[PDB]
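Trainee: Provided herewith is a single structure, encoded as structure tokens, for subsequent inquiry.
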Amino acid sequence: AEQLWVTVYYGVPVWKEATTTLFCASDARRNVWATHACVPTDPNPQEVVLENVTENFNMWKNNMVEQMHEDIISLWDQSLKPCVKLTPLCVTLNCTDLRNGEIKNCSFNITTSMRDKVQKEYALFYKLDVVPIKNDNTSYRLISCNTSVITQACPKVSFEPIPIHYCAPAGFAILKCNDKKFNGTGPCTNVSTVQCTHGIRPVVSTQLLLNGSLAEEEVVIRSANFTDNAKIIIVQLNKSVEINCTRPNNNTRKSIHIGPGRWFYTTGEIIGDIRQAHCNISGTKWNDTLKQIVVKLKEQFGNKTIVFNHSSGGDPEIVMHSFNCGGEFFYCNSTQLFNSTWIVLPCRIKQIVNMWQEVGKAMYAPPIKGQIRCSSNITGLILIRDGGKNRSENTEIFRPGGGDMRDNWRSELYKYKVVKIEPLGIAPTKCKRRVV
Amino acid sequence: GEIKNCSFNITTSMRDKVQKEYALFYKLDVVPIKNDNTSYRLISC
Ligand SMILES: *[C@@H]1O[C@H](CO)[C@@H](O[C@@H]2O[C@H](CO)[C@@H](O[C@@H]3O[C@H](CO[C@H]4O[C@H](CO)[C@@H](O)[C@H](O)[C@@H]4O)[C@@H](O)[C@H](O[C@H]4O[C@H](CO)[C@@H](O)[C@H](O)[C@@H]4O)[C@@H]3O)[C@H](O)[C@H]2NC(C)=O)[C@H](O)[C@H]1NC(C)=O
Ligand SMILES: *[C@@H]1O[C@H](CO)[C@@H](O[C@@H]2O[C@H](CO)[C@@H](O)[C@H](O)[C@H]2NC(C)=O)[C@H](O)[C@H]1NC(C)=O
Ligand SMILES: *[C@@H]1O[C@H](CO)[C@@H](O)[C@H](O)[C@H]1NC(C)=O
Ligand SMILES: *[C@@H]1O[C@H](CO)[C@@H](O)[C@H](O)[C@H]1NC(C)=O
Ligand SMILES: *[C@@H]1O[C@H](CO)[C@@H](O)[C@H](O)[C@H]1NC(C)=O
Ligand SMILES: *[C@@H]1O[C@H](CO)[C@@H](O)[C@H](O)[C@H]1NC(C)=O
């Protein structure tokens, strides 16, 4: 061969997988995710295809879901830091049934003029927020009394999800898998480089994925391993299913004095009949959606297998479907969607809630005045396998489930991978440097 | 005697489940109240 000599090159387009922090970006305008500090979005972002190069994607290793997990919780706690403690409101409640029982009409006597202007301030309380005192009437008190000090969320904080974007830092790039058939992992062929991702709204829910993206012209079902009962099945829907939710009760609210310079909002009277929360779901769209899902499930789980039975498994907040329409947390019985194996949902409202899990300090929602209405659609859902059974293709009871809230972002992040680019490299050449 | 066996009565149900909860205390952690029995309290008071 030729006498070869070392030549140094810079700008070499090669890279290695790496994990780092992506910068937030937002369509700039006390909403939790509406941080005062965030990069304005690019009105004309670029995307280029590699084509000579493929890349190994694995949605179960995208560490970006961890960044979102921690940052989102931090933002929640920060916005709701200067909020009102319920500590002096642990006073026992003399409760009777509210005439029309999920709502009790109770009284108490605290603080009784501890350098302030206060009184008994009777009010309405929800069953799901209190603990019975079986040694009394039965009487009630705040369920938090024997656990922790919790605060009433600041009335000035909105909880509307914001579609936050995330962009690569210098020296790093975001690769995207554009294969319509891409599942949990593999050598994605259609790979492109993206300057910055689209916005993902931090929607928090249990059992069904709401207001997300749609599948590429068919239902696509993903899992780490369809044979492993310890894994979950992620279903991305071809078209979404329409759901319309309402809180028909027109509620008032009252500010009460709890100390000098301190106020607390209580549920006031209710105007009109007291009715149940519920959501209306189109059976047509729901059933047709299931048809496509079943067809795909057959590919792995058998051609005559009975699927989709009633809700079961986990504590009440896992067994019920959960969402936060209007700022109030609704827990509805999804069984009405899965009450027939191979639509109006009854629903209750809770105010003392836990953002995915909370230790010690927790959030109590304020009462919302008026009526709550919203509209959304089911764009995905999580199925769980019921466990061991006869191998024969008889049953596989894909119950709704999933309590790991991180999957509400992983379900979108699966498209992306972050790498570190190494511009420095060498190769042989023909001649020696003309060294004197 | 370096260890005293003492009682008290606090918080007496300030929205809680409490009682007199007698316990052992060390001499070196308390201050005598020479106007009482002598009785004691936390030296940090
Ligand atoms: C999935 O995505 C959908 C669509 O984004 C969400 O549904 C919407 O949620 C927003 C949340 O704010 C609703 O917006 C509210 O509408 C109220 C009345 O709506 C009428 O009036 C507004 C006036 O601008 C019109 O834009 C609208 O079209 C209607 O004509 C407003 O009164 C609300 O503002 C008040 O409340 C907020 C509370 O934070 C205050 O800050 C304001 O200052 C003001 O007091 C608010 O704008 C919207 O109506 C919903 N759509 C529908 C059809 O109902 C789903 O919630 C989302 N699902 C999930 C799972 O996230
Ligand atoms: C859909 O998922 C299957 C199962 O994981 C993928 O097939 C495997 O891909 C891995 C990638 O490293 C290979 O090691 C296995 O040998 C593959 N298994 C078989 C039997 O082919 C498949 O590639 C995925 N489809 C897409 C489009 O990503
Ligand atoms: C609640 O009020 C009734 C009013 O007659 C009273 O008899 C009862 O003892 C009260 N309960 C409590 C918790 O004090
Ligand atoms: C996905 O939705 C489109 C909507 O027009 C439909 O035409 C298509 O048939 C659906 N895919 C399957 C697998 O049915
Ligand atoms: C789902 O709801 C959103 C709400 O804005 C709507 O824009 C979208 O078109 C809906 N999806 C379908 C498939 O109708
Ligand atoms: C609730 O009832 C009061 C009664 O006066 C009415 O003024 C108010 O508009 C009602 N609110 C809603 C949202 O219907």
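Identifiers in the structure tokens: chain A, B, ... in order shown; residue index from 1 per chain; ligand index from 1 in order shown.
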Distance limit 12 Å, reference ligand 1, atoms considered: only C-alpha atoms and all ligand atoms. Which residues make the cut? Give them as number ranges by chain.

Mentor: A: 30-32, 154-163, 200-206, 208-213, 240, 242-247, 321-330, 368-380, 408

Trainee: Compile the contact shell of range 176-186 of chain A as a PyMOL selection string: residues with an atom at most 12 Å away, counting only C-alpha atoms, same-chain residues fewer than 2 positions apart removed.

Mentor: chain A and resi 47-51+53-62+173-174+188-198+214-226+231-236+238+410-419

Trainee: Please, which residues of chain B lie no more than 10 Å from chain A when the count uses only C-alpha atoms, and can they be set out as a PyMOL selection string?

Mentor: chain B and resi 14-17

Trainee: How would the residues just picked look written out with C-alpha atoms as a compact mmCIF listing (two decimals), in the first residue's frame?

Mentor:
```txt
# COMPACT_ATOMS: atom_id res chain seq x y z
CA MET B 14 -55.12 19.40 70.75
CA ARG B 15 -56.82 17.76 67.73
CA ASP B 16 -54.68 14.71 68.38
CA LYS B 17 -54.32 11.42 70.25
```

Trainee: Pick out the residues sitting within 12 Å of range 27-29 of chain B, and hand them over as a compact mmCIF listing (two decimals) with N, CA, C and O atoms, in the first residue's frame; count only C-alpha atoms, and ignore anything fewer than 6 positions along from it in its own chain.

Mentor:
```
# COMPACT_ATOMS: atom_id res chain seq x y z
N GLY B 1 -28.71 8.92 91.59
CA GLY B 1 -29.78 8.99 90.62
C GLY B 1 -29.40 9.97 89.52
O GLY B 1 -29.20 11.16 89.77
N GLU B 2 -29.19 9.44 88.33
CA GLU B 2 -28.88 10.23 87.16
C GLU B 2 -30.05 10.26 86.22
O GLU B 2 -30.10 11.10 85.31
N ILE B 3 -30.99 9.34 86.41
CA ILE B 3 -32.15 9.17 85.56
C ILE B 3 -33.38 9.37 86.43
O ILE B 3 -33.50 8.76 87.50
N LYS B 4 -34.28 10.22 85.96
CA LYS B 4 -35.51 10.50 86.67
C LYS B 4 -36.67 9.88 85.91
O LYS B 4 -36.65 9.81 84.67
N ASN B 5 -37.68 9.43 86.64
CA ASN B 5 -38.90 8.88 86.06
C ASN B 5 -39.99 9.92 86.28
O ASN B 5 -40.44 10.12 87.42
N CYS B 6 -40.41 10.60 85.21
CA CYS B 6 -41.23 11.79 85.34
C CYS B 6 -42.48 11.65 84.50
O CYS B 6 -42.52 10.91 83.52
N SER B 39 -38.76 20.13 90.88
CA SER B 39 -39.26 19.52 89.66
C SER B 39 -38.32 19.91 88.53
O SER B 39 -37.33 20.61 88.75
N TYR B 40 -38.54 19.38 87.34
CA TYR B 40 -37.58 19.63 86.27
C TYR B 40 -38.31 20.01 84.99
O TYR B 40 -39.52 19.83 84.85
N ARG B 41 -37.54 20.57 84.06
CA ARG B 41 -37.98 20.82 82.70
C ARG B 41 -36.76 20.81 81.80
O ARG B 41 -35.62 20.78 82.27
N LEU B 42 -37.01 20.83 80.49
CA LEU B 42 -35.93 20.85 79.52
C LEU B 42 -35.03 22.05 79.75
O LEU B 42 -35.50 23.18 79.90
N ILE B 43 -33.72 21.78 79.81
CA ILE B 43 -32.75 22.83 80.03
C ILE B 43 -32.82 23.89 78.93
O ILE B 43 -32.45 25.05 79.15
N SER B 44 -33.35 23.54 77.77
CA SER B 44 -33.44 24.46 76.65
C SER B 44 -34.59 25.45 76.75
O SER B 44 -34.66 26.35 75.92
N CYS B 45 -35.48 25.27 77.73
CA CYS B 45 -36.70 26.07 77.82
C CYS B 45 -36.43 27.57 77.87
O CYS B 45 -37.17 28.36 77.27
```

Trainee: What parts of range 235-404 of chain A does DSSP call alpha helix (DSSP H)? I'd like the answer as an MDAnalysis selection string.

Mentor: chainID A and resid 283:301 316:319

Trainee: Using only C-alpha atoms and all ligand atoms, which residue out of A:300, A:112, A:254, A:399 lies closest to ligand 2?

Mentor: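 For ligand 2, the nearest of the candidates is A:300.
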
Trainee: Which residue, A:359, A:299, A:433, A:258, has the smallest gap to ligand 2 when you use only C-alpha atoms and all ligand atoms?

Mentor: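 Checking each of A:359, A:299, A:433, A:258 against ligand 2, counting only C-alpha atoms and all ligand atoms, the winner is A:299.
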
Trainee: Separation of CA of residue 23 in chain A and CA of residue 80 in chain A, in Å?

Mentor: 23.2 Å

Trainee: To check your reading of the model: which residues sit at most 7 Å from ligand 3 when counting only C-alpha atoms and all ligand atoms? Write the answer as a PyMOL selection string.

Mentor: chain A and resi 92-94+136-137+139

Trainee: Could you check how far CA of residue 171 in chain A sits from CA of residue 34 in chain A, in Å to one decimal?

Mentor: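 Answer for the CA of residue 171 in chain A to CA of residue 34 in chain A separation: 27.4 Å.
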
Trainee: Got a sec: who's within 7 Å of range 18-20 of chain B, counting only C-alpha atoms, leaving out chain neighbours fewer than 6 positions off, as number ranges by chain?

Mentor: B: 7-12

Trainee: Residues of the last selection are to be written out with N, CA, C and O atoms, as an mmCIF file, in the first residue's frame.

Mentor:
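Here's the written file selection.cif:
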```
data_model
loop_
_atom_site.group_PDB
_atom_site.id
_atom_site.type_symbol
_atom_site.label_atom_id
_atom_site.label_comp_id
_atom_site.auth_asym_id
_atom_site.auth_seq_id
_atom_site.Cartn_x
_atom_site.Cartn_y
_atom_site.Cartn_z
ATOM 1 N N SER B 7 -43.494 12.436 84.849
ATOM 2 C CA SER B 7 -44.719 12.535 84.077
ATOM 3 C C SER B 7 -45.035 13.998 83.798
ATOM 4 O O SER B 7 -44.432 14.910 84.365
ATOM 5 N N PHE B 8 -46.009 14.198 82.917
ATOM 6 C CA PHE B 8 -46.437 15.517 82.469
ATOM 7 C C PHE B 8 -47.827 15.353 81.883
ATOM 8 O O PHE B 8 -48.347 14.245 81.811
ATOM 9 N N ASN B 9 -48.434 16.458 81.452
ATOM 10 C CA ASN B 9 -49.765 16.359 80.838
ATOM 11 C C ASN B 9 -49.880 17.395 79.719
ATOM 12 O O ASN B 9 -50.258 18.546 79.956
ATOM 13 N N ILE B 10 -49.571 16.956 78.499
ATOM 14 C CA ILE B 10 -49.512 17.808 77.314
ATOM 15 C C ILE B 10 -49.473 16.820 76.149
ATOM 16 O O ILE B 10 -48.875 15.746 76.267
ATOM 17 N N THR B 11 -50.193 17.107 75.050
ATOM 18 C CA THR B 11 -50.936 18.318 74.711
ATOM 19 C C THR B 11 -52.389 18.327 75.128
ATOM 20 O O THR B 11 -53.077 19.316 74.887
ATOM 21 N N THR B 12 -52.830 17.234 75.757
ATOM 22 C CA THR B 12 -54.214 17.018 76.208
ATOM 23 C C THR B 12 -55.233 17.234 75.079
ATOM 24 O O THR B 12 -56.148 18.055 75.181
#
```

Trainee: Applying 12 Å and only C-alpha atoms, which residues near residue 10 in chain A remain after dropping the ones on its own chain fewer than 3 positions away? List them as a list in words.

Mentor: residues 7, 13, 14, 421, 422, 423, 424, 425, 426 and 427 of chain A
